[PDB]
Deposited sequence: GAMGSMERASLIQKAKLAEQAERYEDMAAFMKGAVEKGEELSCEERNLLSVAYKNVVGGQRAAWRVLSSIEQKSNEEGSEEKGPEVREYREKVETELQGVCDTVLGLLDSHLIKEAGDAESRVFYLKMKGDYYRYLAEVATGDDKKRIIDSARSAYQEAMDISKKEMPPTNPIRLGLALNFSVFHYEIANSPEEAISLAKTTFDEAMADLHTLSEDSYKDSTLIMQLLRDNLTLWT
């Protein structure tokens, strides 16, 4: 692509600079370039990829929700619908780009549990974002694609990672949000969050101070959702 002439190391360095500059579109383009070099990503590089695209799609989703709300209230000419559609298409394009990176070829080359779970979680999340805007057709298949990705990630994480692992915790958080917000399965959402929280609590004693801080931070987010849901 357009980053084909830049060194991998330079792309990663520029992604870090773009993060500091709050230039997330640039950050995402740099990390896409890095992925397209064809090498596996390190832990830190996976995090950069994730931060970049979460910020890009986050802005798009926030805009979509503002516009969708205006459109619903109005139900005046075609403009709100047209502009909501424009933002929607752009969002779908970003999701498709991320999903394309995961399929070509990040997931298939990810053999370690940490990397494979991370990428399958991402796959679940980006199908989830597609589901948020999907209507009528393919919507069921999109939801099932999210579910299938999260489920594979869960199965690996349960076998290969401690219950306090931040990736495992974040996966559970997001899969529980999927159940609550997308799958109309609030009880599954609550069960998953509660079991995840309790199993993590019981393993905190094994952790260093730094690991403890990370795990308990995510546990508090699980608890926050349980509070909102009950």
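Numbering the deposited sequence from 1, one finds a lone region with no C-alpha coordinates, namely 76 to 81.
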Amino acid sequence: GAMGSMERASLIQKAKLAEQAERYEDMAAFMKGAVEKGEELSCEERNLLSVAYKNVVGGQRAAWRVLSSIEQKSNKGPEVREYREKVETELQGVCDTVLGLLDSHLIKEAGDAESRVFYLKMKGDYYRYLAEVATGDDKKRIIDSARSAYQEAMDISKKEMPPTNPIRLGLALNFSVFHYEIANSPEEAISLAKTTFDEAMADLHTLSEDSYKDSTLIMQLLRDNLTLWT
From here on, numbers count along this sequence of modelled residues.
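Rigid core here is just the name for the largest C-alpha set that superposes within 1.5 Å across the two forms.
RMS Cα deviation from the shown model in 9 other deposited structures of this protein, rigid core fit, is larger for 202 to 210 than for the other stretch of the pair 15 to 23 / 202 to 210. Once the structures in 9 other deposited structures of this protein are superposed via the core, the pair 214 to 222 and 6 to 14 is resolved in favour of 214 to 222 as the more displaced stretch (C-alpha RMS). In every other compared PDB entry of this protein that covers both flanking sides, residue 158 is modelled, so it falls short of the one-third threshold for missing coordinates. When the other compared entries with both flanking residues are checked, residue 76 is unmodelled in at least a third. If you average the C-alpha B-factors over 156 to 164 and over 119 to 127, the higher value belongs to 156 to 164.
For the pair 109 to 117 and 133 to 141, the mean Cα B-factor is higher in 133 to 141. Sort the modelled residues of the chain by CA B factor and residue 14 lands in the lowest third. Looking at the C-alpha B-factors along this chain, the one for residue 188 belongs to the lowest third.
Per the PDB record, residue ranking by Cα B-factor puts residue 99 in the lowest third of the chain. Ranked against the other modelled residues of its chain, the C-alpha B-factor of residue 182 as given in the entry falls in the highest third. When the modelled residues of the chain are ordered by their C-alpha B factor, residue 80 lands in the highest third.
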